[PDB]
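Reviewing the structure listed below.
Note on naming: letters A, B, ... go to the chains in the order of the sequence lines (proteins, then strands), and numbering restarts at 1 for each one. Ligands are counted one by one from 1 in listed order, and the atoms in each one are counted from 1 as well.
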Amino acid sequence: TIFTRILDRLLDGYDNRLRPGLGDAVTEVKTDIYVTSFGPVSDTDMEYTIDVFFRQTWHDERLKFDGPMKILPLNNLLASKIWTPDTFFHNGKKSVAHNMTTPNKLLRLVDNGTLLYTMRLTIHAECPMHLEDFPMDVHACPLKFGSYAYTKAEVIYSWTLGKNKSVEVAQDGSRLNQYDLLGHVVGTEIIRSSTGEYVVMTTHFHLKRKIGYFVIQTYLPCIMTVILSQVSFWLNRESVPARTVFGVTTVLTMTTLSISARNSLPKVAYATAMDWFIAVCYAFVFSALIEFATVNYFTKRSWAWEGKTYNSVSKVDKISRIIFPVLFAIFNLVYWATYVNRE
Amino acid sequence: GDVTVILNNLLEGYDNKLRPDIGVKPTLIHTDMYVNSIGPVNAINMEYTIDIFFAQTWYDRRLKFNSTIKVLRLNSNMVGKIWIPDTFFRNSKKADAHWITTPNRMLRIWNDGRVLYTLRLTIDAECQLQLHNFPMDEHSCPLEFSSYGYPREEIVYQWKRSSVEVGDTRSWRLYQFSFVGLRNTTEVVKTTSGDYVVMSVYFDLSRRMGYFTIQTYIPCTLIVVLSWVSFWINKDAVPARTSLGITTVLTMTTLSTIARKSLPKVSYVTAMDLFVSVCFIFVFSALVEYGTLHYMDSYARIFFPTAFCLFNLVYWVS
Amino acid sequence: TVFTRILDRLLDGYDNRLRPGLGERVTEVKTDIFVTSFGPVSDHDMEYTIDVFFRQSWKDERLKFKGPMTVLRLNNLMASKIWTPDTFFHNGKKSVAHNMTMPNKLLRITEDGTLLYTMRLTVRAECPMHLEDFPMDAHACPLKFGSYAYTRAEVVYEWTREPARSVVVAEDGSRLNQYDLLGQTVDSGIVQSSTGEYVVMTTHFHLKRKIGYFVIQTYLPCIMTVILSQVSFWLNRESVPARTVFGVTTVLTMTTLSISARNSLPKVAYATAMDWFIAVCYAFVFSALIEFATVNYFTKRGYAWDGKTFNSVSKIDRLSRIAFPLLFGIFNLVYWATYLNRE
Amino acid sequence: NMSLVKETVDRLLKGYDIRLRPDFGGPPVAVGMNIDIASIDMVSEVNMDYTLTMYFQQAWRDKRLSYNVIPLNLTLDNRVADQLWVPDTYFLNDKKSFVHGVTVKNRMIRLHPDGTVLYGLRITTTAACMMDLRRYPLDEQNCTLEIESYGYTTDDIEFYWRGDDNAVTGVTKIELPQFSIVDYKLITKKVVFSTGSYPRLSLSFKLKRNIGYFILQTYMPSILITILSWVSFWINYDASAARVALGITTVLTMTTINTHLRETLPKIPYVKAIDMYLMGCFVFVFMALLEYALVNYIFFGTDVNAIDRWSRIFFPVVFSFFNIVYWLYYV
Amino acid sequence: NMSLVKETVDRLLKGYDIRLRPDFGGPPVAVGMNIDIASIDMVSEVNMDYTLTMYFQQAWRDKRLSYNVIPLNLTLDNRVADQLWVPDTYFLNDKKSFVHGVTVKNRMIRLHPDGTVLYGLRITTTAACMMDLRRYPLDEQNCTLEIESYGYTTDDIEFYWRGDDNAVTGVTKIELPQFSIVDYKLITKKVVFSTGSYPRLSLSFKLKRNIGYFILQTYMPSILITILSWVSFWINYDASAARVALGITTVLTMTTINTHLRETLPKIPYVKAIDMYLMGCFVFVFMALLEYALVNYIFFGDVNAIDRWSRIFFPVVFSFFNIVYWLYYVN
Amino acid sequence: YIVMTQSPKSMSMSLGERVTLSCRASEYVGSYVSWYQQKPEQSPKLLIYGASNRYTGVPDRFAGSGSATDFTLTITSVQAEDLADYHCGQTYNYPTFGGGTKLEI
Amino acid sequence: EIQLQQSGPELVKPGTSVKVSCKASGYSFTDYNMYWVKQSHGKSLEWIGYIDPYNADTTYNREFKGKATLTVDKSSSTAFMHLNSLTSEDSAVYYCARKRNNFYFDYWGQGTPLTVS
Ligand SMILES: CCCCCCCC(=O)OC[C@H](COP(=O)(O)O[C@@H]1[C@H](O)[C@H](O)[C@@H](OP(=O)(O)O)[C@H](OP(=O)(O)O)[C@H]1O)OC(=O)CCCCCCC
Ligand SMILES: *[C@@H]1O[C@H](CO)[C@@H](O[C@@H]2O[C@H](CO)[C@@H](O[C@@H]3O[C@H](CO)[C@@H](O)[C@H](O)[C@@H]3O)[C@H](O)[C@H]2NC(C)=O)[C@H](O)[C@H]1NC(C)=O
Ligand SMILES: *[C@@H]1O[C@H](CO)[C@@H](O[C@@H]2O[C@H](CO)[C@@H](O)[C@H](O)[C@H]2NC(C)=O)[C@H](O)[C@H]1NC(C)=O
Ligand SMILES: CC(=O)[C@H]1CC[C@H]2[C@@H]3CC[C@H]4C[C@H](O)CC[C@]4(C)[C@H]3CC[C@]12C
Ligand SMILES: CC(=O)[C@H]1CC[C@H]2[C@@H]3CC[C@H]4C[C@H](O)CC[C@]4(C)[C@H]3CC[C@]12C
């Protein structure tokens, strides 16, 4: 009952619409983030989801109190009875403030007046990806946030601990199936808007796309399709149906594997590195079918070897057997080196 | 007005938190439904939507009024001011009342204290479909509802004489099911908190096989007939025989896959999966039959249709 | 301040819970609909979405006023303070009353007490469809609405203008992709329920499906598959692999086409018109395969014609070349005349 | 100084009637509007709508909210908006929309000394845009946002773009994965309904479709499968199995591409540009199959070689001419 | 009796401070938690979570809610819960959860004479579960539900299982479409964050995958494709059309099966056990195609001996691969 | 507008015998059809509002029914007071009354 | 008991206008629309137009468009029909009807024979 009397003494005449030090000073909102889990990244929608304990600390001289306890951990509900920063995420597409069983917020009021206001959030933030070297791509996905209504003359956001120190990440808190969180770089900028100039706290999370998935699903099938096409080079000259079905099936496979590779991608006209690799594999299979057509043009006996003139083994096919694999190998070396070495 | 003063007196000093006759005797509540339309049964999620006018009646001794007015018919605005039983549907995965244009809730109070409380509910109820004989499977889907907090000693439910007013079944959205029968029951379930009275509406529904006969069984059967066509083809036509066999086996696998996507991820073999597997055996055996022939055909021509029809008879009987 | 005083007098002693003229008369509600945009018709769920300005007008002697203005135009916040009809759609299913920016509802109180209460609604109403004639079907999708708690002796509904002129559809509101809104016809009836007799206003929107999409998606591919089955007739009999691939291809293609036709429809236990069309087309292609088998039985010589005996062109093939196109054309004429000519 | 501001604000909200608009019973209130587009992502043809995120700001003069004692602009908490009259603005195309709520309700209220009120909302709205897909993917879609006052006629409210073409910003910096905003126009209208005449603002984006993607995924596979069908002309006529295999598989593969692509689009009745090009490619491959059937009927009915040679060069020529006429129509 | 109960409940809620926990400033309040799991709707490996429906009960002692005049347990209606202090319990794994609300909020309040409050909720939680699919589908995943207090440190609130193993019930009757709950384990710990130390209850379900579904769906199709690919070894070498068609069909079918199953699973970068099996089957079918290519290059570019050794080698070494695979995984 | 046609322009019915009238509408009028009685040199008197419903204070013998377009009015037994001219009007669209039928002896 | 009282018969020559009134007493005038009908001797009843008394919104028949002007008097609670450019074809008997709702005309006027020659 003592703390009830204290609480009602620090809420009577407390207008929660007004800022701390409004008309007298700026409010330094010392912000911290604890990433409980870095949610999955949706490349199709160029956004990522992140679960965070978003901690805000600010000094509110109206709420300074003198009592037996030096800190009051109060129920989440009281958070709605006092002023809080109107923090919002500049790239937040659709964020959720969890409230089960009850609103997941905490409000610790320190004796001097400092408020430690924290809340669990799931934030779906927009990360504009430049997919040109995809899948060997690295993205510095930002997480920008700041006051929605208050100018820099009204609210300024700072980091309590200091850059990098402030934004922590749980050791097991990583739901990145296909990315790897290399790290984060905390920054702070001032953005101009139609209504004023706003301080924006940015934290770029550096994500490295693990290529194992796309290797298994695209590159190995495509390479094996190319090798399937060159199996036709080792097939017989005089077997027209067999090498025909071989070539047409491999070309059809590459059509389906290009469209299938592009369903996972977002619909962007960048012609990603996967598109370049698929295009060259397409060129190889199509050139294999063209080579078979070229050899079939000069097929004259039209009878395969038995045991009565027989078609001699094609010189073109003999040269193809060695040239096509070697050129495709050096293609692979050049492409892999170029994309792996670059950032 | 007269009605306003009567209703004001009814709510004056009314404790909404306390049930009628709390600590005196159980409150007897009679429940009568009117099913607007059973919605689509989602076998993948093992749930079925149902729309109902759920009406429950109870005697409240605080809501008796003597006057020329025999009944007060009121809108949903009253519902929040009086005690309503905390009825919840045990097998409800998700549910929501209807709020357009206004809350779809009716309240009616008789002079003798009786209260009729009705509301329109779309309930996505859970029904555990045992899909062992699917699509020849009959399901008795329940709709359990009980007080969440008031034990058997405080709230009791007994079906009213008009227990369920089954609607016109023709307008019902049952595409694969046919409403076979209405059953109902009341029981007592012992929970950790206490004993609770549970009333379950058993809707007995039988699935119709016509859609699946044309959607699944007929295509598969025709594919088996295509495999049979291989026997009449000359054996010397190796590309033709091989192409027909491999095409039939491959497309059978594709049909099985797409069928398995439309079904739940159940850890057993459904009837549908059993019949596509037996069709797989037939077409694959045709492929191996040609393999043996190259390395008999006349006997196959007669044997295969006879075995398939025998399996069909055993299957339909089962 | 004067208008605020008037509104205070209107709500002073007003009883939200009692309908107008309780214990004196039936409350007549004159209703209107301005379909802002006839939203997409979802055949899979046998429901249609419609966006409407749903107007209601009723006389409430309690809300009579005398002031400088004859019609008080007011926002939604006043509406919650007054009695409004508890209208609901008997076949409604998960409607939404729009809230952005504010609750999209107007209220206008005329000095005689007449109210004009309009709201913008997106209503997904159930439309039971008999798809026997699908895709040539025409559907009279209803929109039944009425009071939930008030019987005919309590609340009666009416059309504010002539019944023909009381449901107005905007010129540019047609959001129908595969439907053509021919018009609407309205009626008023009574429904018997366990609680009493209820007045129900019904309006049937007469929709005619546009067959173009299914012409391009289903009918043309089916016809082309049939013709692809008949090119096998024109081909020589000795090319057993060629005609075998042709016929098996046509049958499998018609199988996937049939499945693609069904999954585009809500599940039903009866066969639609397109199901019959596909069944006859499947009969044609399967008959082509059976015909190929029949001629293959009589193919005495395996070797093809060269410019030694030679196989004669099959008689069955020659008769098929004319019969199959003639039977298929006669069937198409009969089918299209049967369904298109129907009202 | 905070006490003075507190007393001033409480004075403003004391006696304020949220039911009445500014100058109720007087001339219409002029409500200016400015928009900062944050994204126009997810333009959906299947749903015939586009999801647009914006900082919808509307400014209006409310004599009741005028104060002279404080010389700075009072930015109040978002929760005060519920205590103030706000225009009943709605988007007639809005299928589904929401104001962002994290960490708090993303609204803005900024009372200026002269009485002006700057009401800002961070709104995500899935607006309806009926797309004439006859030229798709070579189309330019005139999608719009129809901002209108619901209950207040033109005799009670007035709209205007605050700043003419500078009232809308952020449009040039929008990166759409499948579009380019070639132009946007700002229109002011007065729309008459049965209820009355209302003021209307229309923000119309002429969104031009980026063809490069559709060339990558749709056109080149079709062309390559047509060239693949042309490969049949270089195979000897005696190879029935090979040539029919090629022509069949290519006709089937183009029919399947047609059906899958049309599945990704709404069930529209009219032929689209993609449909016209795919049908032309289908006709070319089907005529190649019928070309083999012609040389097979003639051989099995020197001359046979003539049709092969003629078609070998004529088919590329006629297909290129088809491309030229097609692109000229659609480019 | 009515008047007395009404007076007593009025006395209890009179002056009650919802903001302060029981014994605020005194020792921690001990909250016992009991759970009755009604159903586990699904286990979405794609989204790395499971949907669980439960009767979550928490009981705790509040001296302010102790009554003596009436000798019975007042089971008040659910809406009184919003007027009482309840633990601010949350779930760490919770991505999307909701308390049901038909016909009312599915919730229970029951005050006992001694002050004990029994608080029940009906909750459906989509709890995150990061699965380790290296052994998939032979995998056992211990998906967890981490119940934790948000604002109150161990100095303010304490959790426990009322009944160290009887506090969780109904697990045995749970029906999972593709899992079988082998075990459930209840543990309590303390977790330290930068804001302080908090109590934590952890309910762990050791779900074991039901292999039968994946036998029908994944392993049997792969086995049948490989077995049918072995049919090529019995066909004569001078059937190149049929041999190559059979082999290419096998390789293509395994390619489609691999891509299809990987589309039904999340985009993981590590090779699963199903991936090891599919790669082995891929190697066998692809080596069958290369086996025919080698036969061809030896005869055109002895043969019967190579086919003869293939016929026995492939099934034998594939069976040994199967045995090694199972013994590594199933045993 | 909507055209209303009454087939039996004139018929004679013996006193006490059942007599049935008919009224046709050009197109849909729903249930919005009313039947009125006009005695010589008197204004019309409503008899059957809606397709079936009967106005208050009317003898029970009068009774009618109809579909969307066709309509019929039937008198269980003609009486001396029942001799008059019977009109059918529609209110689905702007009013348009029918030719009218006259009964004698 | 609602009774629509119309004016008596009028005698007039062609080419001049006439005014025919319709007075209602039982029901409140503004609540329901007032319709005017004309029945030519030995012919079907013919609708001429209706007026909403409250706001005087009027709608006429295309055949009679511009020939008849409908007005109302709230204070007198009376509906007036003004006929202009009379001709011999105009000779008929007018009634005024009360539309209770869109199902029937509840009461009718006594009839005002118009004579022109
Ligand atoms: C697209 C890939 C192919 C494009 C290459 C396009 C280049 C191109 O068109 O090749 C022409 C020629 C074709 O030779 P071809 O493949 O037909 O092989 C022999 C050649 O035609 C002889 O002239 C024939 O003997 P003859 O004298 O008639 O009696 C002999 O038949 P036979 O007498 O024994 O019965 C044939 O088997 O090959 C080259 O000159 C080397 C090119 C190596 C090309 C390799 C580069 C990869
Ligand atoms: C699935 O993973 C969870 C991860 O939380 C496992 O929970 C852990 O289970 C172990 C074994 O019961 C716990 O160990 C305990 O340690 C204390 C000392 O701190 C000891 O006194 C206990 O007797 C017990 O051995 C551990 O605390 C607990 N929580 C963790 C690791 O965070 C769970 O066990 C796993 N599933 C199964 C079926 O084990
Ligand atoms: C719902 O259940 C009850 C019983 O469970 C049915 O009504 C009772 O039926 C028994 C058996 O004939 C009678 O002895 C009781 O007297 C009945 N109750 C009453 C109040 O009369 C009821 O018919 C069931 N509903 C159905 C079948 O629709
Ligand atoms: C002379 C010739 O080249 C022959 C070879 C292939 C033949 C066509 C096959 C498909 C037929 C479908 C329908 O039966 C209508 C006639 C149809 C178009 C045929 C016309 C004559 C053709 C072109
Ligand atoms: C000698 C022999 O029997 C022949 C039969 C089949 C041939 C292989 C086909 C696929 C090729 C893909 C790449 O281009 C590298 C060479 C590659 C592996 C070839 C090696 C030699 C083989 C085994």
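Atom NZ of E/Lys206 has more than 12 heavy atoms from other residues, nucleotides or ligands within 6.0 Å. Enclosure of atom CZ in A/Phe328 by more than 12 non-hydrogen atoms of other residues, nucleotides or ligands within 6.0 angstrom is indicated. Other residues, nucleotides and ligands place no more than 12 heavy atoms under 6.0 Å from the CZ atom of E/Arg162.
Each of E/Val168, E/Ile181, E/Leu145 was checked for a side chain to side chain contact (heavy atoms under 4.5 Å, CB included) with E/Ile37, and the lone residue meeting it is E/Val168.
Electrostatic pairing of E/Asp165 and E/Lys185 does not count as a salt bridge here, judged by no charged N lying under 4.0 Å from a carboxylate O. Classification of D/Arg243 and D/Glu291 as a salt-bridged pair holds, one side-chain N sitting under 4.0 Å from a carboxylate O. The pair A/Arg243-A/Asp317 meets the salt-bridge criterion, with a side-chain N (NZ, NE, NH1 or NH2) lying under 4.0 Å from an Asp/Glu carboxylate O.
Protein heavy atoms all stay at least 4.0 Å away from atom 7 (O) of ligand 2. Within the 4.0 Å cut-off (strictly below), a protein heavy atom is located near atom 26 (P) of ligand 1. Note that atom 2 (O) of ligand 2 has protein non-hydrogen atoms nearby, at separations under 4.0 angstrom. Atom 4 (C) of ligand 1 is not flagged as protein-proximal [any protein heavy atom, distance under 4.0 Å]. For atom 17 (C) of ligand 2, no protein heavy-atom neighbour is found at a distance under 4.0 Å. For atom 36 (C) of ligand 1, the nearest protein heavy atom is under 4.0 Å away. In this structure, atom 25 (O) of ligand 2 has no protein heavy-atom contact shorter than 4.0 Å. There is no protein heavy atom closer than 4.0 angstrom to atom 22 (C) of ligand 1. Atom 31 (C) of ligand 2 is never approached by the protein to below 4.0 angstrom, counting heavy atoms only. Within the 4.0 angstrom cut-off, atom 7 (C) of ligand 1 has no protein heavy-atom neighbours. Within a 4.0 Å radius of atom 10 (C) of ligand 2, the protein contributes no heavy atom. Within the 4.0 Å cut-off (strictly below), no protein heavy atom is located near atom 20 (C) of ligand 2. Within a 4.0 Å radius of atom 14 (O) of ligand 2, the protein contributes no non-hydrogen atoms.
Side-chain atoms of E/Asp94 and E/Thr125 form no donor-acceptor pair, as typed in the model, at a separation below 3.5 Å. Counted by atom type alone, C/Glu291 and C/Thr294 present one or more donor-acceptor pairs between their side chains at under 3.5 Å. Defined by atom type and a distance below 3.5 Å, a donor-acceptor pair is present between the side-chain atoms of C/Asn236 and D/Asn296. With no hydrogens or angles considered, no side-chain donor-acceptor pair links A/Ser314 and A/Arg237 at under 3.5 Å.
Here the two rings, on D/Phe319 and D/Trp230, have centers that are under 6.0 Å apart. Here the two rings, on E/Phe159 and E/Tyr198, have centers that are 6.0 Å apart or farther. Under the 6.0 Å cut-off for aromatic ring centres, E/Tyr150 and E/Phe193 do not qualify, their centroids lying 6.0 Å or more apart. For A/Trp305 and A/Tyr310, the ring centers sit closer than 6.0 Å to each other. For C/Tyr219 and C/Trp336, the distance between ring centers is under 6.0 angstrom.
Here the heavy atom of the protein found nearest to atom 17 (O) of ligand 1 is A/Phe298 CB, 3.0 Å. Atom 13 (C) of ligand 4 has its closest protein heavy atom at C/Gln230 OE1, 3.6 Å. Nearest non-hydrogen protein atom to atom 1 (C) of ligand 4 is D/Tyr297 CD2, 3.4 Å. Atom 2 (C) of ligand 1 has its closest protein heavy atom at A/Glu291 CB, 3.9 Å. For atom 8 (C) of ligand 4, the closest non-hydrogen atom on the protein side is D/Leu290 CD2, 4.2 Å. Counting protein heavy atoms only, atom 3 (O) of ligand 4 is closest to D/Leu294 CD2, 2.9 Å. Scanning the protein heavy atoms around atom 10 (C) of ligand 4, the nearest turns out to be C/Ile227 CG2, 3.6 Å. Atom 28 (O) of ligand 1 has its closest protein heavy atom at A/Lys300 NZ, 3.0 Å. Counting only heavy atoms of the protein, atom 16 (O) of ligand 1 lies nearest to A/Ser314 OG, 3.1 Å. Closest to atom 29 (N) of ligand 2, if we only count protein heavy atoms, is E/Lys189 NZ, 3.3 Å. The protein atom (non-hydrogen) at minimum distance from atom 5 (O) of ligand 2 is E/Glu146 OE2, 4.1 Å. Scanning the protein for heavy atoms near atom 45 (C) of ligand 1, the closest one is A/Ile319 CG2, 3.7 Å. If you check which protein heavy atom lies closest to atom 30 (C) of ligand 1, you get A/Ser312 OG, 3.8 Å. Looking from atom 36 (N) of ligand 2 to the surrounding protein, the closest heavy atom is E/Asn142 ND2, 3.1 Å. Of the protein's non-hydrogen atoms, the one nearest atom 14 (O) of ligand 1 is A/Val316 CG2, 4.0 Å. With hydrogens left out, the protein atom closest to atom 1 (C) of ligand 1 is A/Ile290 CG2, 4.1 Å, a heavy atom.
With ligand atoms numbered from 1 in the order given, ligand 2 contributes 1 (C), 33 (C), 35 (C), 36 (N) to contacts under 4.0 Å with heavy atoms of E/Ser204. Ligand-side atoms of ligand 1 in range of A/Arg301: 32 (P), 34 (O), 35 (O), range being under 4.0 angstrom from any heavy atom. Taking every non-hydrogen atom of C/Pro325 and a distance limit under 4.0 Å, the qualifying atoms of ligand 4 come out as 14 (O). Counting the atoms of ligand 4 from 1 in the order shown, those under 4.0 Å from a heavy atom of C/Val231 are 9 (C), 10 (C). Distances below 4.0 Å separate heavy atoms of A/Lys315 from the following atoms of ligand 1: 18 (O), 38 (O), 39 (C), 40 (O), 41 (C). Near A/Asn311, meaning under 4.0 Å from one of its heavy atoms, ligand 1 places the atoms 35 (O).
Annotation: cation-pi geometry not satisfied between E/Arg209 and E/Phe179 (NZ/CZ under 6.0 angstrom from ring centroid, within 45° of ring axis). Judged by a 6.0 Å distance limit and a 45° cone about the ring axis, E/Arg200 is not positioned over the six-membered ring of E/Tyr160.
Counting only non-hydrogen atoms, the option in C/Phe233, D/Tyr292, C/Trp234 that gets closest to atom 16 (C) of ligand 4 is C/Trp234. The heavy atom nearest to atom 28 (C) of ligand 2, considering only E/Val191, E/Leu207, E/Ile187, E/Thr188, is found in E/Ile187. The heavy atom nearest to atom 37 (C) of ligand 2, out of those in E/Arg200, E/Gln141, E/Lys185, is found in E/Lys185. Nearest to atom 6 (C) of ligand 4 by heavy atom, out of D/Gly301, D/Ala293, C/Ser232, is D/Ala293.
Distances from ligand 1 to the non-hydrogen atoms of A/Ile323 include no value under 4.0 Å. The shell of residues lying under 4.0 angstrom from ligand 2, judged by heavy atoms, excludes E/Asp183.
Expressed to the nearest 0.5 Å, how far NZ of E/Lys190 lies from OG of E/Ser197 amounts to 7.0 Å.
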